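Colleague: The following file, query12.cif, comprises mmCIF, N, CA and C atoms:
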data_my_file
#
loop_
_atom_site.group_PDB
_atom_site.id
_atom_site.type_symbol
_atom_site.label_atom_id
_atom_site.label_comp_id
_atom_site.auth_asym_id
_atom_site.auth_seq_id
_atom_site.Cartn_x
_atom_site.Cartn_y
_atom_site.Cartn_z
ATOM 1 N N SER A 1 13.306 -18.976 -10.880
ATOM 2 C CA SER A 1 13.100 -19.220 -9.425
ATOM 3 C C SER A 1 13.263 -17.905 -8.661
ATOM 4 N N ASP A 2 13.730 -16.879 -9.322
ATOM 5 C CA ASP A 2 13.912 -15.566 -8.639
ATOM 6 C C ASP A 2 13.917 -14.449 -9.685
ATOM 7 N N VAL A 3 13.022 -14.510 -10.634
ATOM 8 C CA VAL A 3 12.969 -13.457 -11.690
ATOM 9 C C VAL A 3 12.073 -12.307 -11.232
ATOM 10 N N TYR A 4 10.888 -12.611 -10.781
ATOM 11 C CA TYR A 4 9.961 -11.534 -10.331
ATOM 12 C C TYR A 4 10.449 -10.971 -8.993
ATOM 13 N N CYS A 5 11.096 -11.773 -8.195
ATOM 14 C CA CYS A 5 11.596 -11.267 -6.887
ATOM 15 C C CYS A 5 12.496 -10.056 -7.131
ATOM 16 N N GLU A 6 13.342 -10.129 -8.123
ATOM 17 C CA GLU A 6 14.246 -8.980 -8.417
ATOM 18 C C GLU A 6 13.437 -7.854 -9.064
ATOM 19 N N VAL A 7 12.674 -8.165 -10.076
ATOM 20 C CA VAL A 7 11.859 -7.113 -10.746
ATOM 21 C C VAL A 7 10.927 -6.466 -9.721
ATOM 22 N N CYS A 8 10.458 -7.230 -8.772
ATOM 23 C CA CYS A 8 9.545 -6.667 -7.739
ATOM 24 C C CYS A 8 10.359 -5.865 -6.722
ATOM 25 N N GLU A 9 11.648 -6.078 -6.677
ATOM 26 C CA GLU A 9 12.502 -5.311 -5.699
ATOM 27 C C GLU A 9 13.074 -4.072 -6.386
ATOM 28 N N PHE A 10 13.318 -4.147 -7.665
ATOM 29 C CA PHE A 10 13.880 -2.968 -8.382
ATOM 30 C C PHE A 10 12.774 -1.942 -8.641
ATOM 31 N N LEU A 11 11.563 -2.391 -8.843
ATOM 32 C CA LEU A 11 10.446 -1.436 -9.105
ATOM 33 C C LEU A 11 9.853 -0.951 -7.781
ATOM 34 N N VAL A 12 9.511 -1.852 -6.901
ATOM 35 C CA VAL A 12 8.919 -1.428 -5.602
ATOM 36 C C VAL A 12 9.911 -0.544 -4.844
ATOM 37 N N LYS A 13 11.184 -0.676 -5.121
ATOM 38 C CA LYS A 13 12.203 0.162 -4.419
ATOM 39 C C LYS A 13 12.369 1.495 -5.161
ATOM 40 N N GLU A 14 12.448 1.456 -6.466
ATOM 41 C CA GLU A 14 12.606 2.721 -7.243
ATOM 42 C C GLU A 14 11.339 3.564 -7.084
ATOM 43 N N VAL A 15 10.200 2.963 -7.229
ATOM 44 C CA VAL A 15 8.946 3.737 -7.060
ATOM 45 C C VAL A 15 8.970 4.362 -5.668
ATOM 46 N N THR A 16 9.326 3.594 -4.673
ATOM 47 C CA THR A 16 9.391 4.142 -3.289
ATOM 48 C C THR A 16 10.229 5.426 -3.290
ATOM 49 N N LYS A 17 11.389 5.399 -3.893
ATOM 50 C CA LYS A 17 12.246 6.620 -3.909
ATOM 51 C C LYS A 17 11.392 7.836 -4.288
ATOM 52 N N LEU A 18 10.488 7.681 -5.221
ATOM 53 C CA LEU A 18 9.617 8.831 -5.617
ATOM 54 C C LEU A 18 8.372 8.848 -4.710
ATOM 55 N N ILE A 19 7.804 7.708 -4.448
ATOM 56 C CA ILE A 19 6.602 7.630 -3.575
ATOM 57 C C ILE A 19 7.006 8.006 -2.145
ATOM 58 N N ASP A 20 8.278 7.962 -1.862
ATOM 59 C CA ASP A 20 8.773 8.270 -0.490
ATOM 60 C C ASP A 20 7.975 9.429 0.123
ATOM 61 N N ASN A 21 7.792 10.503 -0.608
ATOM 62 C CA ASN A 21 7.022 11.655 -0.051
ATOM 63 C C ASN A 21 6.519 12.569 -1.177
ATOM 64 N N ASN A 22 6.300 12.050 -2.355
ATOM 65 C CA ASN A 22 5.804 12.930 -3.455
ATOM 66 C C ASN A 22 4.344 13.295 -3.186
ATOM 67 N N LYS A 23 3.577 12.361 -2.681
ATOM 68 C CA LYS A 23 2.135 12.628 -2.377
ATOM 69 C C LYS A 23 1.942 12.624 -0.859
ATOM 70 N N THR A 24 1.356 13.660 -0.322
ATOM 71 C CA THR A 24 1.149 13.725 1.156
ATOM 72 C C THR A 24 -0.136 12.983 1.540
ATOM 73 N N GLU A 25 -0.565 13.121 2.771
ATOM 74 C CA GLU A 25 -1.806 12.418 3.232
ATOM 75 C C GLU A 25 -2.992 13.387 3.230
ATOM 76 N N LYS A 26 -2.846 14.535 2.627
ATOM 77 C CA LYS A 26 -3.975 15.501 2.595
ATOM 78 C C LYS A 26 -4.881 15.134 1.429
ATOM 79 N N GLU A 27 -4.302 14.827 0.301
ATOM 80 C CA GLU A 27 -5.131 14.450 -0.870
ATOM 81 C C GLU A 27 -5.620 13.007 -0.699
ATOM 82 N N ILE A 28 -5.069 12.282 0.244
ATOM 83 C CA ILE A 28 -5.517 10.882 0.467
ATOM 84 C C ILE A 28 -6.768 10.894 1.342
ATOM 85 N N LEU A 29 -6.612 11.201 2.605
ATOM 86 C CA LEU A 29 -7.788 11.228 3.520
ATOM 87 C C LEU A 29 -8.932 11.985 2.844
ATOM 88 N N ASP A 30 -8.611 12.942 2.017
ATOM 89 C CA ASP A 30 -9.682 13.689 1.306
ATOM 90 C C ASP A 30 -10.274 12.764 0.248
ATOM 91 N N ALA A 31 -9.429 12.145 -0.535
ATOM 92 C CA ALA A 31 -9.925 11.208 -1.576
ATOM 93 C C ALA A 31 -10.965 10.288 -0.956
ATOM 94 N N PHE A 32 -10.651 9.669 0.150
ATOM 95 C CA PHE A 32 -11.652 8.776 0.791
ATOM 96 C C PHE A 32 -12.965 9.548 0.937
ATOM 97 N N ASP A 33 -12.907 10.799 1.306
ATOM 98 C CA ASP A 33 -14.169 11.571 1.426
ATOM 99 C C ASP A 33 -14.840 11.629 0.055
ATOM 100 N N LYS A 34 -14.148 11.182 -0.968
ATOM 101 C CA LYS A 34 -14.721 11.204 -2.356
ATOM 102 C C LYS A 34 -15.098 9.786 -2.814
ATOM 103 N N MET A 35 -14.134 8.924 -3.017
ATOM 104 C CA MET A 35 -14.467 7.542 -3.489
ATOM 105 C C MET A 35 -15.287 6.830 -2.415
ATOM 106 N N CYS A 36 -14.858 6.900 -1.188
ATOM 107 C CA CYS A 36 -15.614 6.221 -0.107
ATOM 108 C C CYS A 36 -16.857 7.050 0.216
ATOM 109 N N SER A 37 -17.242 7.914 -0.690
ATOM 110 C CA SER A 37 -18.451 8.761 -0.474
ATOM 111 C C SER A 37 -19.667 8.053 -1.075
ATOM 112 N N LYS A 38 -19.479 7.397 -2.190
ATOM 113 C CA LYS A 38 -20.610 6.685 -2.854
ATOM 114 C C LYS A 38 -20.733 5.263 -2.300
ATOM 115 N N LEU A 39 -19.752 4.805 -1.570
ATOM 116 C CA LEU A 39 -19.828 3.419 -1.014
ATOM 117 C C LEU A 39 -21.188 3.264 -0.291
ATOM 118 N N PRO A 40 -21.781 2.080 -0.308
ATOM 119 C CA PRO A 40 -23.051 1.877 0.404
ATOM 120 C C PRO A 40 -22.876 2.369 1.847
ATOM 121 N N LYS A 41 -23.930 2.459 2.605
ATOM 122 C CA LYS A 41 -23.778 2.950 4.002
ATOM 123 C C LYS A 41 -22.969 1.952 4.834
ATOM 124 N N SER A 42 -23.449 0.755 4.930
ATOM 125 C CA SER A 42 -22.752 -0.285 5.741
ATOM 126 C C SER A 42 -21.244 -0.272 5.485
ATOM 127 N N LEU A 43 -20.851 -0.545 4.277
ATOM 128 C CA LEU A 43 -19.402 -0.597 3.960
ATOM 129 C C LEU A 43 -18.800 0.810 3.904
ATOM 130 N N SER A 44 -19.582 1.845 4.105
ATOM 131 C CA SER A 44 -19.000 3.219 4.090
ATOM 132 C C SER A 44 -18.546 3.518 5.503
ATOM 133 N N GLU A 45 -19.132 2.833 6.447
ATOM 134 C CA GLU A 45 -18.753 3.038 7.859
ATOM 135 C C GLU A 45 -17.495 2.226 8.139
ATOM 136 N N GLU A 46 -17.393 1.068 7.545
ATOM 137 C CA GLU A 46 -16.186 0.224 7.764
ATOM 138 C C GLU A 46 -15.046 0.726 6.873
ATOM 139 N N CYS A 47 -15.368 1.466 5.845
ATOM 140 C CA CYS A 47 -14.311 1.991 4.930
ATOM 141 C C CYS A 47 -13.743 3.291 5.509
ATOM 142 N N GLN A 48 -14.499 3.983 6.318
ATOM 143 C CA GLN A 48 -13.991 5.242 6.924
ATOM 144 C C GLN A 48 -13.403 4.884 8.277
ATOM 145 N N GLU A 49 -13.899 3.831 8.863
ATOM 146 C CA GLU A 49 -13.369 3.397 10.166
ATOM 147 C C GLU A 49 -11.979 2.808 9.934
ATOM 148 N N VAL A 50 -11.843 1.980 8.933
ATOM 149 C CA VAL A 50 -10.513 1.388 8.647
ATOM 150 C C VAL A 50 -9.556 2.501 8.225
ATOM 151 N N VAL A 51 -10.012 3.425 7.414
ATOM 152 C CA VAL A 51 -9.129 4.552 6.974
ATOM 153 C C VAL A 51 -8.398 5.096 8.204
ATOM 154 N N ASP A 52 -9.119 5.411 9.247
ATOM 155 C CA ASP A 52 -8.444 5.899 10.478
ATOM 156 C C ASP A 52 -7.380 4.867 10.855
ATOM 157 N N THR A 53 -7.665 3.613 10.603
ATOM 158 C CA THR A 53 -6.679 2.536 10.908
ATOM 159 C C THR A 53 -5.703 2.390 9.736
ATOM 160 N N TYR A 54 -6.099 2.820 8.562
ATOM 161 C CA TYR A 54 -5.208 2.731 7.362
ATOM 162 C C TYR A 54 -5.177 4.095 6.676
ATOM 163 N N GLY A 55 -4.538 5.059 7.278
ATOM 164 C CA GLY A 55 -4.473 6.424 6.668
ATOM 165 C C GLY A 55 -3.067 6.998 6.836
ATOM 166 N N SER A 56 -2.599 7.109 8.043
ATOM 167 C CA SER A 56 -1.231 7.669 8.267
ATOM 168 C C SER A 56 -0.196 6.538 8.221
ATOM 169 N N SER A 57 -0.619 5.321 8.435
ATOM 170 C CA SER A 57 0.339 4.175 8.397
ATOM 171 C C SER A 57 0.413 3.658 6.974
ATOM 172 N N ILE A 58 -0.676 3.137 6.470
ATOM 173 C CA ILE A 58 -0.711 2.610 5.068
ATOM 174 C C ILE A 58 0.217 3.427 4.170
ATOM 175 N N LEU A 59 0.166 4.720 4.288
ATOM 176 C CA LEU A 59 1.053 5.574 3.433
ATOM 177 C C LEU A 59 2.468 5.645 4.031
ATOM 178 N N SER A 60 2.599 5.594 5.336
ATOM 179 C CA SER A 60 3.962 5.702 5.965
ATOM 180 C C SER A 60 4.501 4.315 6.338
ATOM 181 N N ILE A 61 3.771 3.279 6.037
ATOM 182 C CA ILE A 61 4.208 1.903 6.410
ATOM 183 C C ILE A 61 5.076 1.286 5.290
ATOM 184 N N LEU A 62 4.545 1.011 4.128
ATOM 185 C CA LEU A 62 5.398 0.406 3.055
ATOM 186 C C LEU A 62 6.679 1.228 2.866
ATOM 187 N N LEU A 63 6.690 2.440 3.330
ATOM 188 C CA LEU A 63 7.869 3.317 3.134
ATOM 189 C C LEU A 63 8.953 3.120 4.202
ATOM 190 N N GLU A 64 8.618 3.182 5.476
ATOM 191 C CA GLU A 64 9.681 3.059 6.540
ATOM 192 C C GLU A 64 9.442 1.886 7.478
ATOM 193 N N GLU A 65 8.321 1.829 8.142
ATOM 194 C CA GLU A 65 8.087 0.686 9.070
ATOM 195 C C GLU A 65 8.358 -0.610 8.316
ATOM 196 N N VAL A 66 8.488 -0.486 7.033
ATOM 197 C CA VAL A 66 8.754 -1.646 6.157
ATOM 198 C C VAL A 66 9.701 -1.218 5.025
ATOM 199 N N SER A 67 10.381 -2.164 4.428
ATOM 200 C CA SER A 67 11.303 -1.851 3.292
ATOM 201 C C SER A 67 10.590 -2.277 1.995
ATOM 202 N N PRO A 68 10.912 -1.658 0.876
ATOM 203 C CA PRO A 68 10.258 -2.001 -0.406
ATOM 204 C C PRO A 68 10.413 -3.506 -0.711
ATOM 205 N N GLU A 69 11.576 -4.054 -0.480
ATOM 206 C CA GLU A 69 11.790 -5.503 -0.772
ATOM 207 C C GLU A 69 10.845 -6.368 0.071
ATOM 208 N N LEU A 70 10.734 -6.098 1.342
ATOM 209 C CA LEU A 70 9.830 -6.914 2.193
ATOM 210 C C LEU A 70 8.440 -6.952 1.546
ATOM 211 N N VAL A 71 7.928 -5.822 1.130
ATOM 212 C CA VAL A 71 6.575 -5.806 0.490
ATOM 213 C C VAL A 71 6.481 -6.954 -0.513
ATOM 214 N N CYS A 72 7.434 -7.066 -1.401
ATOM 215 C CA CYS A 72 7.393 -8.192 -2.379
ATOM 216 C C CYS A 72 7.160 -9.492 -1.609
ATOM 217 N N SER A 73 7.685 -9.581 -0.414
ATOM 218 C CA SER A 73 7.473 -10.809 0.399
ATOM 219 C C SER A 73 6.027 -10.797 0.917
ATOM 220 N N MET A 74 5.626 -9.744 1.587
ATOM 221 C CA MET A 74 4.221 -9.678 2.089
ATOM 222 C C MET A 74 3.275 -10.008 0.936
ATOM 223 N N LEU A 75 3.526 -9.441 -0.211
ATOM 224 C CA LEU A 75 2.652 -9.704 -1.388
ATOM 225 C C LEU A 75 2.737 -11.182 -1.771
ATOM 226 N N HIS A 76 3.824 -11.830 -1.455
ATOM 227 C CA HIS A 76 3.951 -13.273 -1.797
ATOM 228 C C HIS A 76 3.986 -13.425 -3.325
ATOM 229 N N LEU A 77 4.724 -12.581 -3.995
ATOM 230 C CA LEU A 77 4.803 -12.668 -5.477
ATOM 231 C C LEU A 77 5.802 -13.768 -5.863
ATOM 232 N N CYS A 78 6.761 -14.037 -5.020
ATOM 233 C CA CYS A 78 7.759 -15.102 -5.342
ATOM 234 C C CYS A 78 7.155 -16.469 -5.024
ATOM 235 N N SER A 79 5.877 -16.625 -5.230
ATOM 236 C CA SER A 79 5.229 -17.932 -4.935
ATOM 237 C C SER A 79 5.853 -19.022 -5.809
ATOM 238 N N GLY A 80 6.647 -19.878 -5.226
ATOM 239 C CA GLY A 80 7.281 -20.973 -6.018
ATOM 240 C C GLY A 80 6.289 -22.123 -6.145
ATOM 241 N N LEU A 81 5.411 -22.238 -5.188
ATOM 242 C CA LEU A 81 4.380 -23.306 -5.198
ATOM 243 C C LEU A 81 3.027 -22.644 -5.047
ATOM 244 N N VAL A 82 1.989 -23.408 -4.907
ATOM 245 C CA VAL A 82 0.664 -22.773 -4.706
ATOM 246 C C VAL A 82 0.543 -22.410 -3.210
ATOM 247 N N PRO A 83 0.173 -21.185 -2.890
ATOM 248 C CA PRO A 83 0.064 -20.775 -1.484
ATOM 249 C C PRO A 83 -0.716 -21.823 -0.676
ATOM 250 N N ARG A 84 -0.320 -22.073 0.544
ATOM 251 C CA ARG A 84 -1.054 -23.076 1.371
ATOM 252 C C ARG A 84 -2.273 -22.401 2.005
#
Kindly present the structure from the file in structure tokens form.

Modeller:
Amino acid sequence: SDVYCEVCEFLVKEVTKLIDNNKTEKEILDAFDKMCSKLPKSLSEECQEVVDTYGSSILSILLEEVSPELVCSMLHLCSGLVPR
């Protein structure tokens, strides 16, 4: 009833300790200029538009604006029943 909740808190928290700031946002926003480079045109505009919306936060959000344990909740991995 709480096996993955702990494993998801010990790993998502330990990884955070290293993910905390091991990779900056320079190789990220650039990566998008690479993977989101072959994306079709339509979804390449929504993939670069969202990046601006998911670039400095997405990387700085799971880290501080949020705690590693909460993520396990947002992810809903402790699903005891079938999600409604």

Colleague: Work out how far atom N of residue 67 of chain A is from atom CA of residue 8 of chain A, in Å to one decimal.

Modeller: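 Atom-to-atom, atom CA of residue 8 of chain A and atom N of residue 67 of chain A are spaced 13.0 Å apart.
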
Colleague: Please, what distance in Å, to one decimal, runs between atom CA of residue 65 of chain A and atom C of residue 83 of chain A?

Modeller: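 Pair atom CA of residue 65 of chain A / atom C of residue 83 of chain A returns 26.1 Å.
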
Colleague: Please enumerate the residues selected by the PyMOL selection byres (((chain A and resi 28 and name CA) around 12) and name CA) when evaluated against the supplied file, formatted as an MDAnalysis selection string.

Modeller: chainID A and resid 23:27 29:36 51:52 54:59

Colleague: Keeping only N, CA and C atoms, write the selected residues to a file as a PDB file, in the coordinates of the input.

Modeller:
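Saved as selection_6.pdb:
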ATOM      1  N   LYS A  23       3.577  12.361  -2.681  1.00  0.00           N
ATOM      2  CA  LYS A  23       2.135  12.628  -2.377  1.00  0.00           C
ATOM      3  C   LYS A  23       1.942  12.624  -0.859  1.00  0.00           C
ATOM      4  N   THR A  24       1.356  13.660  -0.322  1.00  0.00           N
ATOM      5  CA  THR A  24       1.149  13.725   1.156  1.00  0.00           C
ATOM      6  C   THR A  24      -0.136  12.983   1.540  1.00  0.00           C
ATOM      7  N   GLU A  25      -0.565  13.121   2.771  1.00  0.00           N
ATOM      8  CA  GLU A  25      -1.806  12.418   3.232  1.00  0.00           C
ATOM      9  C   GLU A  25      -2.992  13.387   3.230  1.00  0.00           C
ATOM     10  N   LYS A  26      -2.846  14.535   2.627  1.00  0.00           N
ATOM     11  CA  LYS A  26      -3.975  15.501   2.595  1.00  0.00           C
ATOM     12  C   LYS A  26      -4.881  15.134   1.429  1.00  0.00           C
ATOM     13  N   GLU A  27      -4.302  14.827   0.301  1.00  0.00           N
ATOM     14  CA  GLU A  27      -5.131  14.450  -0.870  1.00  0.00           C
ATOM     15  C   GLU A  27      -5.620  13.007  -0.699  1.00  0.00           C
ATOM     16  N   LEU A  29      -6.612  11.201   2.605  1.00  0.00           N
ATOM     17  CA  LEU A  29      -7.788  11.228   3.520  1.00  0.00           C
ATOM     18  C   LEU A  29      -8.932  11.985   2.844  1.00  0.00           C
ATOM     19  N   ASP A  30      -8.611  12.942   2.017  1.00  0.00           N
ATOM     20  CA  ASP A  30      -9.682  13.689   1.306  1.00  0.00           C
ATOM     21  C   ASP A  30     -10.274  12.764   0.248  1.00  0.00           C
ATOM     22  N   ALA A  31      -9.429  12.145  -0.535  1.00  0.00           N
ATOM     23  CA  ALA A  31      -9.925  11.208  -1.576  1.00  0.00           C
ATOM     24  C   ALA A  31     -10.965  10.288  -0.956  1.00  0.00           C
ATOM     25  N   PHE A  32     -10.651   9.669   0.150  1.00  0.00           N
ATOM     26  CA  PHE A  32     -11.652   8.776   0.791  1.00  0.00           C
ATOM     27  C   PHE A  32     -12.965   9.548   0.937  1.00  0.00           C
ATOM     28  N   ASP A  33     -12.907  10.799   1.306  1.00  0.00           N
ATOM     29  CA  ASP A  33     -14.169  11.571   1.426  1.00  0.00           C
ATOM     30  C   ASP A  33     -14.840  11.629   0.055  1.00  0.00           C
ATOM     31  N   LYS A  34     -14.148  11.182  -0.968  1.00  0.00           N
ATOM     32  CA  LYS A  34     -14.721  11.204  -2.356  1.00  0.00           C
ATOM     33  C   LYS A  34     -15.098   9.786  -2.814  1.00  0.00           C
ATOM     34  N   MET A  35     -14.134   8.924  -3.017  1.00  0.00           N
ATOM     35  CA  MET A  35     -14.467   7.542  -3.489  1.00  0.00           C
ATOM     36  C   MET A  35     -15.287   6.830  -2.415  1.00  0.00           C
ATOM     37  N   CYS A  36     -14.858   6.900  -1.188  1.00  0.00           N
ATOM     38  CA  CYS A  36     -15.614   6.221  -0.107  1.00  0.00           C
ATOM     39  C   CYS A  36     -16.857   7.050   0.216  1.00  0.00           C
ATOM     40  N   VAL A  51     -10.012   3.425   7.414  1.00  0.00           N
ATOM     41  CA  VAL A  51      -9.129   4.552   6.974  1.00  0.00           C
ATOM     42  C   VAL A  51      -8.398   5.096   8.204  1.00  0.00           C
ATOM     43  N   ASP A  52      -9.119   5.411   9.247  1.00  0.00           N
ATOM     44  CA  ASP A  52      -8.444   5.899  10.478  1.00  0.00           C
ATOM     45  C   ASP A  52      -7.380   4.867  10.855  1.00  0.00           C
ATOM     46  N   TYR A  54      -6.099   2.820   8.562  1.00  0.00           N
ATOM     47  CA  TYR A  54      -5.208   2.731   7.362  1.00  0.00           C
ATOM     48  C   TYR A  54      -5.177   4.095   6.676  1.00  0.00           C
ATOM     49  N   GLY A  55      -4.538   5.059   7.278  1.00  0.00           N
ATOM     50  CA  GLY A  55      -4.473   6.424   6.668  1.00  0.00           C
ATOM     51  C   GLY A  55      -3.067   6.998   6.836  1.00  0.00           C
ATOM     52  N   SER A  56      -2.599   7.109   8.043  1.00  0.00           N
ATOM     53  CA  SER A  56      -1.231   7.669   8.267  1.00  0.00           C
ATOM     54  C   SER A  56      -0.196   6.538   8.221  1.00  0.00           C
ATOM     55  N   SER A  57      -0.619   5.321   8.435  1.00  0.00           N
ATOM     56  CA  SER A  57       0.339   4.175   8.397  1.00  0.00           C
ATOM     57  C   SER A  57       0.413   3.658   6.974  1.00  0.00           C
ATOM     58  N   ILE A  58      -0.676   3.137   6.470  1.00  0.00           N
ATOM     59  CA  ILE A  58      -0.711   2.610   5.068  1.00  0.00           C
ATOM     60  C   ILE A  58       0.217   3.427   4.170  1.00  0.00           C
ATOM     61  N   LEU A  59       0.166   4.720   4.288  1.00  0.00           N
ATOM     62  CA  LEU A  59       1.053   5.574   3.433  1.00  0.00           C
ATOM     63  C   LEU A  59       2.468   5.645   4.031  1.00  0.00           C
TER      64      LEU A  59
END

Colleague: Please, what is the axis-aligned box for every listed atom of segment 56-66 of chain A with 4 Å on each side, as centre and edge lengths in Å to one decimal, as AutoDock Vina command-line options?

Modeller:
--center_x 3.6 --center_y 3.0 --center_z 6.0 --size_x 20.3 --size_y 17.3 --size_z 14.2

Colleague: Per DSSP on the backbone, filter chain A down to the residues in helix (DSSP H, G or I) and report them as a ChimeraX atom specification.

Modeller: /A:3-19,26-38,42-53,56-65,68-75

Colleague: Taking the file as shown, what set of residues would the PyMOL selection byres (((chain A and resi 75 and name CA) around 12) and name CA) give back, as a JSON list (two decimals) with N, CA and C atoms, in the coordinates of the input?

Modeller:
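part-v5.json written:
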[["chain", "number", "residue", "atom", "x", "y", "z"],
["A", 4, "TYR", "N", 10.89, -12.61, -10.78],
["A", 4, "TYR", "CA", 9.96, -11.53, -10.33],
["A", 4, "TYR", "C", 10.45, -10.97, -8.99],
["A", 5, "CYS", "N", 11.10, -11.77, -8.20],
["A", 5, "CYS", "CA", 11.60, -11.27, -6.89],
["A", 5, "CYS", "C", 12.50, -10.06, -7.13],
["A", 8, "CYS", "N", 10.46, -7.23, -8.77],
["A", 8, "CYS", "CA", 9.54, -6.67, -7.74],
["A", 8, "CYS", "C", 10.36, -5.86, -6.72],
["A", 9, "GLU", "N", 11.65, -6.08, -6.68],
["A", 9, "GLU", "CA", 12.50, -5.31, -5.70],
["A", 9, "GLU", "C", 13.07, -4.07, -6.39],
["A", 12, "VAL", "N", 9.51, -1.85, -6.90],
["A", 12, "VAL", "CA", 8.92, -1.43, -5.60],
["A", 12, "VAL", "C", 9.91, -0.54, -4.84],
["A", 62, "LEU", "N", 4.54, 1.01, 4.13],
["A", 62, "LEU", "CA", 5.40, 0.41, 3.06],
["A", 62, "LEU", "C", 6.68, 1.23, 2.87],
["A", 68, "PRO", "N", 10.91, -1.66, 0.88],
["A", 68, "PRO", "CA", 10.26, -2.00, -0.41],
["A", 68, "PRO", "C", 10.41, -3.51, -0.71],
["A", 69, "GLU", "N", 11.58, -4.05, -0.48],
["A", 69, "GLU", "CA", 11.79, -5.50, -0.77],
["A", 69, "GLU", "C", 10.84, -6.37, 0.07],
["A", 70, "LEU", "N", 10.73, -6.10, 1.34],
["A", 70, "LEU", "CA", 9.83, -6.91, 2.19],
["A", 70, "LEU", "C", 8.44, -6.95, 1.55],
["A", 71, "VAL", "N", 7.93, -5.82, 1.13],
["A", 71, "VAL", "CA", 6.58, -5.81, 0.49],
["A", 71, "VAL", "C", 6.48, -6.95, -0.51],
["A", 72, "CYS", "N", 7.43, -7.07, -1.40],
["A", 72, "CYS", "CA", 7.39, -8.19, -2.38],
["A", 72, "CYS", "C", 7.16, -9.49, -1.61],
["A", 73, "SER", "N", 7.68, -9.58, -0.41],
["A", 73, "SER", "CA", 7.47, -10.81, 0.40],
["A", 73, "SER", "C", 6.03, -10.80, 0.92],
["A", 74, "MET", "N", 5.63, -9.74, 1.59],
["A", 74, "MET", "CA", 4.22, -9.68, 2.09],
["A", 74, "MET", "C", 3.28, -10.01, 0.94],
["A", 76, "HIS", "N", 3.82, -11.83, -1.46],
["A", 76, "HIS", "CA", 3.95, -13.27, -1.80],
["A", 76, "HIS", "C", 3.99, -13.42, -3.32],
["A", 77, "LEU", "N", 4.72, -12.58, -4.00],
["A", 77, "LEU", "CA", 4.80, -12.67, -5.48],
["A", 77, "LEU", "C", 5.80, -13.77, -5.86],
["A", 78, "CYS", "N", 6.76, -14.04, -5.02],
["A", 78, "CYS", "CA", 7.76, -15.10, -5.34],
["A", 78, "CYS", "C", 7.16, -16.47, -5.02],
["A", 79, "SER", "N", 5.88, -16.62, -5.23],
["A", 79, "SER", "CA", 5.23, -17.93, -4.93],
["A", 79, "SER", "C", 5.85, -19.02, -5.81],
["A", 83, "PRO", "N", 0.17, -21.18, -2.89],
["A", 83, "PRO", "CA", 0.06, -20.78, -1.48],
["A", 83, "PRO", "C", -0.72, -21.82, -0.68]]

Colleague: Could you check how far atom C of residue 80 of chain A sits from atom CA of residue 66 of chain A, in Å to one decimal?

Modeller: 24.0 Å

Colleague: From the options A:1, A:43, A:64, A:84, which residue's atoms come nearest to residue 17 of chain A, counting only C-alpha atoms?

Modeller: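 For residue 17 of chain A, the nearest of the given residues is A:64.
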